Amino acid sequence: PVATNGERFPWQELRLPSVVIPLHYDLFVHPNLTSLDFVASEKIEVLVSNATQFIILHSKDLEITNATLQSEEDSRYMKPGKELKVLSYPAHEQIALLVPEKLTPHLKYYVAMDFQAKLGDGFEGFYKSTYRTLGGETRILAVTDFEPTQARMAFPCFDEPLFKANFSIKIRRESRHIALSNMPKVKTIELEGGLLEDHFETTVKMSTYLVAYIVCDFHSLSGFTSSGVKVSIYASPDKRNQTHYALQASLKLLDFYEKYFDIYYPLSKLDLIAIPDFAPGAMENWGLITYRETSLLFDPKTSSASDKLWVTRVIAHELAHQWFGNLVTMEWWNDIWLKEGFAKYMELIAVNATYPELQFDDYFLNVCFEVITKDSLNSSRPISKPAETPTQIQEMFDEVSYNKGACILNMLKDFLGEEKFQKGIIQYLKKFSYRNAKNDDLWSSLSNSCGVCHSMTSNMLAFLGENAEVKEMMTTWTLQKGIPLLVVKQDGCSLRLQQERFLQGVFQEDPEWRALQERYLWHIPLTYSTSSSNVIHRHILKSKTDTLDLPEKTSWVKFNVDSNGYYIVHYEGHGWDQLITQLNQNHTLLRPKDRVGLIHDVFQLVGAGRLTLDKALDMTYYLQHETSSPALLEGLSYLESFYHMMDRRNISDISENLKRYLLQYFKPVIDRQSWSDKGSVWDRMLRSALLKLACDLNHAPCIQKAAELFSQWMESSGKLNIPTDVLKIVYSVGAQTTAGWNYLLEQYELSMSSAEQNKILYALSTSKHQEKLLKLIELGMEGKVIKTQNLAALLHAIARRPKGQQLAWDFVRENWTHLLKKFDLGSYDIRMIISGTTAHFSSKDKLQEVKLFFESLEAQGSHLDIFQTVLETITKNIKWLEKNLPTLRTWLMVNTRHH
């Protein structure tokens, strides 16, 4: 089990021996931003338990040049000797430190190494980033990104979340630079040559993936919380203005989270720094949180209502991690959702609490719908499943871990109620502070929520029974893949309930469907309301089938009130008809989230072949009266979806009819829109949606409006200004001339708004010229004018639209090698590049090609779950078209007639 020039490597597991156990690291790093590298060294106070000949820990791409043990309890290693022999098994990113004489139980020793390496050159470990100044200058910073397994690319350690420890960090630097790390700075000291050296307050107990340090020359804005925590928003100097909103919201939000969890944030300061080159959206390192400029920065003149909602959200996400993830940490990456689902969920609670005007409560169903898409394919996974290779650990970062997790926690809250939930949370956070937990601990804590507690009455047995229930439930949502379908049959006053595993591109008669129905069973906290009583009823379906006896007995029944539950409902008989009828005469007699869920569920059942397209399309008629935007837009998103799908083949008869129905219907609401930023958030959102829809449908009035604004813009040389909500429409419209497009690219290079840049680069990719599009990709790869962290989204933008899906696929296939040199296999970048270029395919031809490309990609050694997922998805598409394309042709053709 062995290499690196001979000799046995003592340990043979991917995991680390749990014999050694570190407690404290003294970490000294000295990076040079001219030579672009670092020398550095460390001192790890370990505590041996079992006695041992060897000590094992992680390292990767670090050159180790000195190694010593040293102890204060075990005399044989009294100061300062002795030297250790260094054994390096790379294929498990491990090293072995060879001790001269077996170590002694219950004695603390001290492992010391000097190591060096070059500054990294992509998104992980300790890497180089650059930024442009308003002057046109290029500057360099050096930043860490360790999650999940790249701490070890920076300093050797016990690089698994369970080994928490205290960290002590010194950084040496010039004086053009400052130096940030997790904790605040205790001491700066002047050195002989002239260099400075920073000393940071030893951290609390914490995991390696959270360790951080930066050497830049940024500016900040600071402020203090209630509890007297110092918050600072760092950014490169010319963008300090754009840090205001982040300061405001982070403040309100840390205030909130302290209250809600009833735990103070422990560190004295909290920094939020906007890194120019940054792969994920943000990384939540304790006290030093990193962000993509677009996750943090904000500027009234160019970023939009939606942008503000995004920034709020990400800031809400990262702070929640400080408790959910940083304070309490998952025991191992199998339960990453413990961190990531709670943080996603706590987005909703906190932003609603602190910023209800952002109206973010309405938006959160999208979070849940989005997962159902993948969770309804066979290739899905359970929320919590095993993982080992770093590439698998990187794969756990996906809608299941995030959205689905958040979603069932939203289910569970509706069950137990806010006050109970909050209690259970607060307990979990307290009982596990400064250490770790696993799936089961959360349930136990959340189930055993709070007389009874804590110092023998009736209904006190119901509590410990109801508790065991609540735990028994959630176990099934975390270890079972997919989402359940609840079928409801109305029979006078008898409602019968069937439970099924919702599949898609798989029909109830199809040969495969019945094997895929396996042992799947859920405890589904059902809810419902009736046309006769808006009073909400609740019942736990713990089995394959069951029956409820309705009082009054009335027109329709509505299961999943407001969609708080992770299930889809079907209506056999006349339910779907009753409901669409009710939807058509007094839709107001149906709750808005019930509407948003019906429109969702309806179209999702055409997917399963448990309804035909013409029912769905016949529901959308009521949209002309529909006034709640969440519902108007969900509906509108389906027809728009269709159109784009048609357009992607030549299906011009269907597309042109879709276009016509879209402009004809909805013409009233399309026409009330201002080319302004006025109104609510959902008001502003609705505006951009329609105006975009219109401008994509060549509705020549709105193309003229846009092309005017663009012109006024380009002639005034930036002086004349375009409202944010309309900014992307206008830019894309202008981008059709080689003149506008030329101007736009040039304006991209000079902009200081990361959000304007975003909007421009979208506009640039709505060019019809093959030549244009390709250049973008090239520039993207090169990574000087357009940062490579934007490559994936870019390809996806391009591939998305007719003139580009070919070019995209072509490029990805022909460049797989180069792409990998830029991103981990591995990365969300590669995942999004693969599926963004293939998953919209809907032809047997394209499916053929994709199956090959992935086939190829296995041996050479490359396996990613996303391969099968894509396949299943293109399949669903083919099967969708063939099983409903004619119905769409017909429904539309029927519509041109009456009336």
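From 1 onward, residues are counted along the sequence shown.
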Does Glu73 have no coordinates in at least a third of the other PDB entries examined?
-> no
Does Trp513 have no coordinates in at least a third of the other PDB entries examined?
-> yes
From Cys450 on to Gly451, does the model leave out none, 1 to 3, 4 to 9, or 10 or more residues of the deposited sequence?
-> 4 to 9
Assert higher mean C-alpha B factor (869 to 877 or 44 to 52, deposited values) equals 44 to 52
Check the entry's C-alpha temperature factors for 751 to 759 and 690 to 698, then say which stretch has the higher mean.
-> 690 to 698
Out of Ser629, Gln805, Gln585, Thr225, residue topping the C-alpha B-factor column of the entry = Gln585
Among the candidates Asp277, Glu137, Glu101, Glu399, give the one with the maximum CA B-factor reported in the record.
-> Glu101
Among the chain's modelled residues, which third holds the C-alpha B-factor of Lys79?
-> highest
Using the B-factor values recorded in the entry, state whether the Cα atom of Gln860 falls in the lowest, middle or highest third among the modelled residues of its chain.
-> highest
Of the three thirds of Cα B-factor ranks in this chain, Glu512 occupies the highest
If you rank the chain by CA B-factor, which third does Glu347 end up in: lowest, middle or highest?
-> lowest
Among the modelled residues of its chain, does the C-alpha B-factor of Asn721 lie in the lowest, middle or highest third?
-> highest
